[PDB]
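In structure tokens, one chain follows: the form deposited in one PDB entry.
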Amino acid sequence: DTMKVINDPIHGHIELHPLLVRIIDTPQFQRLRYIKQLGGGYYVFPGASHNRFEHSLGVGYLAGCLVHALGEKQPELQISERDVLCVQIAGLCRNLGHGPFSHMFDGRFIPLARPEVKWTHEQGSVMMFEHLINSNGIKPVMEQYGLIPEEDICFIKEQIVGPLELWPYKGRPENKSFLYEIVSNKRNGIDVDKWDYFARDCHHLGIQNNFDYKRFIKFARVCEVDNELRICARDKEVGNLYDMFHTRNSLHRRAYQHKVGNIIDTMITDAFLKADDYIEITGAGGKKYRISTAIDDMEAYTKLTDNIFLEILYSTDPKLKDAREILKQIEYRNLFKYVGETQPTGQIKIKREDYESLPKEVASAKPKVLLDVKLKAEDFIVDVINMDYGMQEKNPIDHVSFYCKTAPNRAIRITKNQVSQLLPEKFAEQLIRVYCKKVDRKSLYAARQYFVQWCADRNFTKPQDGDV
């Protein structure tokens, strides 16, 4: 078992320690080859064929790059080879919980199929990591390379999902606090997962990446902030950090929240819902699970991938007919039709647990002029989109710490005022898109009148008339 070299188009030739190779070469990790990073966005950007697997390799690589760079510049942090391997493992494994079509699964499908459950891809990642470790004999291999599984499994999970409920972490003590800001940074959102997907998604989408993670790594240092060691950026680089969140927002606008990519995601979700009683996934002890229950057994979840779409598409069973017909309509490009768009006024946000009530509100609106067609709640889709800098209404740069060239061990803060008067004054907004499943010209005309009336009833922004 020696170092393996892998050639990635984004990062070039990456070295994998043999413990990481042992983790990668398992059913639970290889599964990520069959889950598209961008889900339905491939049906809009034909270059966006990339899967979660290759992204995970990239995240693991970058996690290793940052921890190594901090260790080389600051030997006093006493970063050990054990620490480095743990950080790489967490980076590699933080996408293990994603389901079919990535964000479609946790963002659209599970909230509709299992409204009572509180599922996140992060919790899924921890559950899947645990299942990976336990099914493949990884603990004794960890010991063989000097990891202490009791402490180090806890550390890896904590880096993925946060404190597993004073210093709240158990995997490492406070003097290694900075290690928890690499893989998933809950304090300000600056972490290696974004860095990989900015570069990788851009390469495949055909949009150029404008953030330079390498530069950020070169300038990162650890300093003491309120009696905790934290990753700090150079003061001068504050503008690049505002630009990094601007880039994320751009990618959301152009690609991840594309109105057609989103309706494709919605149609796939509607097909899974219609198929859910009939697709069977075998889990532990030969028990049978459904698409919506596979999250309750990691053996079954291991086998839940984008394949489910083609299982439905290629089915012949008449019980799957309605589900299959939705997917067939995607192939013919007979999509549910865009009716229009609005925004809430102020800092008003429609919360997730109101999502399912919105189609009935639109259908119950009492429009402008009398109508020939009457539409019902189930004829409307109402897609609520949050665009923000990753910290709800907050400016994430208020939660970054900086150092100056003349005192590189002294952390400081920088306010927005001190940076630039051309920056945004708000950091979150919401867009509401409405679509109609009835596509004839009379239904669509009526759907538009319901929509515009609803906007007026809710005091939302007056829709642009756009087309018509």
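Counting begins at 1, following the sequence as shown. By rigid core we mean the largest C-alpha set that fits within 1.5 Å across both forms.
Unmodelled stretch separating residue 165 from residue 166: 4 to 9 residues (count of deposited-sequence residues without coordinates). Look at the mean CA B-factor for 323 to 331 and for 110 to 118 in the entry; the higher one is 110 to 118. With 13 to 21 and 456 to 464 compared on mean CA B-factor from the PDB entry, the stretch scoring higher is 456 to 464. Based on the entry's C-alpha B-factors, the most elevated value among 131, 258, 204, 360 belongs to 360. Comparing the listed residues 430, 51, 30, 443, the entry records the largest Cα B-factor for 443.
In this PDB entry, residue 169 carries a Cα temperature factor that places it within the highest third of its chain's modelled residues. In this PDB entry, the Cα temperature factor of residue 3 sits in the top third of its chain's modelled residues, the highest group. In the deposited entry, the Cα temperature factor of residue 189 places it in the middle third of its chain's modelled residues.
Annotation for residue 411: C-alpha temperature factor in the highest third relative to the rest of the modelled chain, per the entry. When the modelled residues of the chain are ordered by their C-alpha B factor, residue 26 lands in the lowest third.
What comes next is about the form deposited in another entry, which does not appear here.
With the core held fixed by superposition, the comparison between the shown form and the other one singles out 347 as the only member of 208, 78, 347, 392 whose CA moves by at least 2 angstroms. After superposition on the rigid core, the Cα atom of residue 359 is displaced by 2 Å or more between the shown form and the other one. Relative to the superposed rigid core, the position of the CA of residue 310 differs between the shown form and the other one by less than 2 Å. Fitting the two forms on the rigid core leaves the C-alpha of residue 372 displaced by at least 2 angstroms between the shown form and the other one.
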